[PDB]
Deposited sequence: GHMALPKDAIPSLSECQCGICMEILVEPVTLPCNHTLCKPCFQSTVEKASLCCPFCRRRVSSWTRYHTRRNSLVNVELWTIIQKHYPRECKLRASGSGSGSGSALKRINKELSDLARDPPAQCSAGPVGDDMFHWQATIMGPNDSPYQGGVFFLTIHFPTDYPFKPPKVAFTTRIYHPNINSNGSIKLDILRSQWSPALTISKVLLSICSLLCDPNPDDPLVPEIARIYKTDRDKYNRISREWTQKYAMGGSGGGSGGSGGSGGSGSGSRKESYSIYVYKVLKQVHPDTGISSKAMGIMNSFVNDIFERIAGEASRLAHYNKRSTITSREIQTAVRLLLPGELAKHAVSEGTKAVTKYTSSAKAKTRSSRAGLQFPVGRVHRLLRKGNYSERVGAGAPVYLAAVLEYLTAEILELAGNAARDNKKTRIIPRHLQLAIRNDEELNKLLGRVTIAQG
């Protein structure tokens, strides 16, 4: 609990500066002794203090060091043996440990430096009942530089403008590494309950808030209604498509099996293709200020990321799936309605879960599921062919690597994925 405000790892050889900020010795030497010679929290000069004590081996607060060592030895010894990414990874764990009320945030797909966040309109405030989405961008120098935070949902606030920019001291001048994204999100919640009209970002809204509060409250609720009516993230657990890879392998090679080690690689392929297409689809949606990812954003992602004929075929399979899905009967399952083996409803959840956008249309998961199915069928067809070469009836990792390397286009697509 008595943690280092920089790295969020248990204080080892804590160093307490004259300003009485404390940071573990590793953080101190890297950020104060090696270059800055200033406190990373309040920026007070500690040059004279650092040189006087480094010569006498008296940087560590012995009293503080002995207490945490006896009380919490396991974490001191675990730690004993980049910084931005790890700090961001520790933030996500902190968010899961003490989830901030009315708030949630998580990375966009597998990109840790780009998060999505939701803020429920605080209770008894004119934004109550609305869900407000925000975009968070962690800089290279995190936590030494602030995170870029902005609203993507329009809101009526004296300190929030049409760009989604948030005028809030801790986001810039008063930012400190000791702050966490959870603390930042809770400060935004307070700002919604108690605007700061005397330091406005939108003077008109501040003047109305200062001279006609009834008006301000009315317009805030109308805006909350018109525009405001985002989770842990993708998580660390690896999804699997074994059920559906098996189904496709049966269609393509009914007399050929696939080993357990090979199936894990197939999952890796499918998960990698999902992440890349959805990630690009997320970029396009944000680029064009669209709240919903649809079949259009998925297609353009496939057109750009897939090579040559794979892209053309995948685009065809995705277009035919959506077309068949729109004309199908409403009663059957979504996968059945699109004529696919891969799970449409499940792909939609994973698209929603990955924080790729505020909303996800019904055509997107159909188009993406059909693309995943097609690419899976191509890999399995070639992998099965590769196995038949070696006089084998069961696909193994070696046959998967062969099929990818022997196909120019698939090698371009999956060559970077590691096969053991």
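> Please report every deposited-sequence interval that has no C-alpha in the structure, sorted by position.
Several regions go unmodelled: 1 to 14, 96 to 101, 250 to 262, 454 to 455.
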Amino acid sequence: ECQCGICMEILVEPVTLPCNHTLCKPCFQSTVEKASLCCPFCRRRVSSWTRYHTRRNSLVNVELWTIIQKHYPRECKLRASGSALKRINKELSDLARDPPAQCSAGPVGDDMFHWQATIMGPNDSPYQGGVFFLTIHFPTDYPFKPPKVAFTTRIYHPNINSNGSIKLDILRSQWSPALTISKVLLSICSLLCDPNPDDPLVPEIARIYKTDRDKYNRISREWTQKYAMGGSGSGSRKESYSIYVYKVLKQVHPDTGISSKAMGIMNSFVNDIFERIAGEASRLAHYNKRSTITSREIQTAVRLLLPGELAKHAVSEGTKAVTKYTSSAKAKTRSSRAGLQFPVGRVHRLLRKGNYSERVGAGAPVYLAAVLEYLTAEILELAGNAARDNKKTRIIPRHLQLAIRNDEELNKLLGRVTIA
From here on, numbers count along this sequence of modelled residues.
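> Mind pulling up the entry and telling me whether 39 to 47 or 52 to 60 has the higher mean Cα temperature factor?
Result of the comparison: 52 to 60.
> Comparing 312 to 320 with 213 to 221, where is the mean C-alpha B-factor higher?
Stretch with the greater average CA B-factor: 213 to 221.
> Just to confirm, going by the entry's C-alpha B-factors, which of 332, 289, 303, 154 comes out highest?
That would be 332, according to the entry.
> Can you pull the Cα B-factors for 410, 402, 396, 24 from the entry and say which is highest?
Reading the PDB entry, the winner on C-alpha B-factor is 24.
> Using the B-factors in the PDB entry, rank residue 336's C-alpha atom against the chain and give the third, lowest, middle or highest.
Its C-alpha B-factor belongs to the middle third of this chain's values.
> Going by what the PDB entry lists, where does residue 114 fall on CA B-factor within its chain: lowest, middle or highest third?
For residue 114, whose C-alpha B-factor we compare with every modelled residue in the chain, the answer is the middle third.
> Sorting the chain's CA B-factors, does residue 132 end up in the lowest, middle or highest third?
Tercile = middle for this residue's CA B-factor.
> What third of the chain does residue 254 rank in for C-alpha temperature factor, lowest, middle or highest?
Ranked within chain, residue 254 CA B lands in the middle tercile.
> Can you tell me which third, lowest, middle or highest, the CA B-factor of residue 195 falls into for its chain?
Middle third.
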